[PDB]
């Protein structure tokens, strides 16, 4: 809408008011990168026509959206200026991302954490680290949608990889800033016939990019690698590991079990009296409200709640370092294998009949809200 | 789907903020508007079989060509498919009077109409003739209230404008 | 700025479509609410010099330490700066009672408050002592109508929640 | 996503049924507490900053094991995360109080919250205690039984919305348990 | 309606069990002292995450050899399992306070738990002290004589419910020993 | 990626063998039906829009569970997708018929089609029926046995290409089963 | 049952046992005036946490040398251990009140107390002064003559159990004389 020549909008850096448009598209990154020779060639503004620039912007920025002809007129607004040269293809995907057709299939329907991971998949063509999420999740908290898409397009990572004339694509650069950052990029970017719309939870890179260890599974990276770079290893060897993953990646089998949350349970023969291993760690999940006369204080049975292995790292590791000075004055040798133990009567309250008392011995130590 | 609530809740979430006093102000209009459109819904639901019967054949009265062989209406059962094809449209404008926005009409009846009616050779001019026959047949003293006839007609021509 | 009109006319533009029946219905709420808040603006504009004199000093009655030397209140004139520095907020509550949303409150009073009040050493707790002193003194028989005092309190606590 | 108006159409879309006068009065009953719902959300976001800061510090003051070093809420960054982490829960429950049903926060906020807090290492038993303070104060405001802050209202019953927001806050707690 | 509660707690084919508005006073007329008994469980399950984190740390600060090398609460695979196991006893005893019967507590929770703990090597000297803290923690919340938290209630006597959970915690102390 | 001339070079790259006169005449026979393959691809893309529209409506007319609500081809957007979903299957088998081997569709169309249709909820037995109509029609065109449309050709044998495209249409069926 | 209560005490390990209501009426018939005696234990141990926290605080206000540096209640390791010996007198006189004998008081507690207090440097003239306050505290609780906490009771006379506990408290003091 603005001008027939516009390199940069919104005046974020000071040196874009004097910056020209790029007269030619930018070069490839200068490292070796053995994978990209098997890859198809990148599509730019000045080598290809508008039939395939629109398809690859749908194949990368829109994921695989299946935009119809009456669907997305906001993209048809933004595409009609790109064919007139009124904005570059760098600014065009800023107009695609800020549009509501990008919002109404990636922002409202996916989760809050998954919206950041799809933005690195579409705009930068990779998958972020945890520190890249934690700087991008505050823009969704304090500044909203429009400033968060400005963090990709006005970044220096975009302008060095694509510049003003190159459609976004999966850039294999060989020497990466982290060894995770290759194979988390590859896992985030599968090949054809995959979209983002069915996986309303993505749930697998949402927990590999969540904690900084637990790099993702090898068959989830041998799957979208290119060809004469996967073969003689995907006939039937890892192929059943690929199919068993695809029924788990599809329908979003939540990886509490095998990926993170890793608890050595006891064998089933060890208890056998608290039996029926379907119902082994189930508790009543009770909730009361007690407000007026509409309550629904509904008790549920809860699921097999696991020891969380970090609240047991707050407890028992950080605090409870109170086992200090434990010589406890070993005087009076006849004490019959017990410490100071009160008989501890504890009368269960005499509601006049059918209520009775039992007793139990226990070692007693005075608490810390006690004497002086 | 695209209601007046989902308009203001997603816009308050895309800004990343609480529901402000503009957004509480937008829902206050719905008390003044649901008293008129919800009785237009039950006037549609209580008369839905008549408005498909004596108005679905008005497309065939205008377009008497398409019952010829080799064309879009071949036998008796595709005409029975055609009265099924327009019953979903009268279901959807009943489905948008109850919402308050145009939400259930777009992705369920509109989005993708340029694809399926081009491949299966279904003429959209015969669709909109049957819908606009229902549009000009509204009146105040017989059908509904004088206010509900505005908004019931205001959903039907949006189906005309999106199909044409 | 961020009104109830400019929320629903930008969300219609970012979708790239016409104003539908969900967008036309949101302006019908303004018929039912502008009788309540525009009376509150005339009660604020007719009493703006009173509500900064006997309510701007109540922060100094709570914080008498600010008038110590070496602090944000040094001489007579910074206190005369301060009553201007609170009157711009009460102009902005008046500037959003007539809009209907929180439009002119955000980019004119809120957006950038964490920068200038931290660098120049101004305590924001002594801002909200003066603002919430005006908040709890609303009542139905003397001040305004019963509905205007709900909305006038509903813009004050948004300024409390933004600064705190 | 799905409000209270569009909840009864997707139940009726699976039946291919027109919405008629057997359940429109159930939806017309929802509009009858329109202003009762409308003041209730306004009383939530009135004191929303004082809501979450009393909730997280109350969770600290009963369980001071996170302030100890090695704890999850130890450093100054993670407390700024945790004050933000309970603020999103208040922001999305207030959407469900405005939409009338737990459908906006279910697929955006709760969808994948369980393994996010497990993988980062959030103590999930303390997150139950975090939002249970936010449950008991949300019913304290919309029944106006809050002692230190009393807001003026038109008199009447509002306990039907009090069971609404208390059915949302344990849906968050069940999604993180 | 308690058979709906008892079938979902023995893990039959329902997912959860909700009680309505008219059924809630029907439940309150069924059991005796229905207003106080729902207030007693609401005191317990609001502080369940604080109680088992204090009782496990109360068990460690009596016998500090559990977090010594060779102990049972060393290797925090085990320490998160012991923090799980305190919650499962508290969640089953809060149902038995709600139902008024210990019959769910004996057949779902306690048969074979003496056989399970000798097969796992769980020491019965410290496991009784884990329960005996949680008897004293639950009985202080019911009569509102907790030191830190004083929760608001309709005033009266609740010591008939306070001696009820001391009978229910003694059945945990009987079936573990 | 891999065409028919480049298929034998990776069979010879694994042996480090110069490709010579023991299998060049097997590849010279491929050029002998060079025009027979070339007319065969043109007949598929001649009536390509009438190919898929008859095929997906034939899958509808034998199974009206999809037009029923709750079915996966009920609404208008999903019929627009299912017209286009089977069109991409025609678009890639026409690539592999031109390239002479199933390598161009096995990584651009089949690599990832199974988990997309599982997570969407696409009935896999219906898409088996949908592409097997396209198997029976693609061999009806290149054997010139289409009843409603006969095209002129040089007369001769073409059933070696009939099993070629029929081998491709069971490759798309195996990857979705 | 009392032999089963003997199995609670003498086993040199933590153990617990209760008595059901069918078994309870056999215990009230076996002992004499047992509704007083079950009220006698329940008067003491419900106020036992204040009884030892006032008696050993009353020992300090009569002898301030124990909070001198080097004195035996100076550090909090020793101060918590003085209350730990304070409560363990009070439980073992309560079960001796409950069983009605003194043989469990001599054999489990007092056999070896003189041999372990001289070996630990415990002031025996000061701990006799501590237990004589607990003799004077318990006779106020058994006759409902406490000035702060007065408890509800089925009325009558229980001065025979007032003389029974004073025959138990001096048996402690004669054991450490």
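So that you can tell them apart, the chains are marked A, B, C, D, E, F and G in the order they are listed, and the count of residues begins at 1 in each.
Methods note: a residue touches a chain if its C-beta (ideal position, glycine included) is under 8 Å from a C-beta of that chain, and two chains touch if they have at least 3 such contacts.
The chain list, named the UniProt way, goes like this: B, C = Phycoerythrin alpha subunit; D, E, F, G = B-phycoerythrin beta chain.
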| item | value |
| --- | --- |
| Centrality ranking, top chain (CA atoms only) | D |
| Interchain centroid distance [CA atoms averaged], chain D/chain F, Å | 52 |
| Whole-Å gap between the CA centroids of chain C and chain D | 27 |
| Centroid spacing, where centroids are CA-atom means, of chain B and chain D in whole angstrom | 35 |
| Two or more partner chains touched - positions in chain D | 1, 13, 16, 42, 45, 48, 65, 108, 125-126, 163 |
| Residues within chain A bordering two or more other chains | 68, 103, 108, 141, 285, 287, 293-296, 300, 302, 305, 308, 310-311, 313, 315, 317, 319, 344, 346-350, 355-356, 358, 360, 362-363, 365 |
| Residue numbers of chain B (touch at least two other chains) | 3, 10, 13, 15, 17-18, 21, 23, 27-28, 30-31, 100, 103, 110-113, 115 |
| Each pair of chains that touches, named by its two labels | A-B, A-C, A-D, A-E, A-F, A-G, B-C, B-D, B-F, C-D, D-E, D-F, E-G |
| Partner chain D, residues of chain F touching it in the complex | 68-70 |
| Chain E partner contacts - residues on chain D that touch it in the complex | 61-63, 65, 125-126, 128-129, 132, 136, 163 |
| Complex contacts: residues of chain A adjacent to chain E | 263-264, 266, 270-276, 278-279, 281-288, 290, 293-302, 305-313, 315-317, 319-320, 322-324, 326, 344, 346-351, 355-356, 358, 360, 362-363, 365, 369 |
| Complex interface listing, chain G residues touching chain E | 13-18 |
| Residue ranges of chain E touching chain D (in the complex, touch as defined) | 21, 46-50, 52-53, 57, 83, 87, 148-149 |
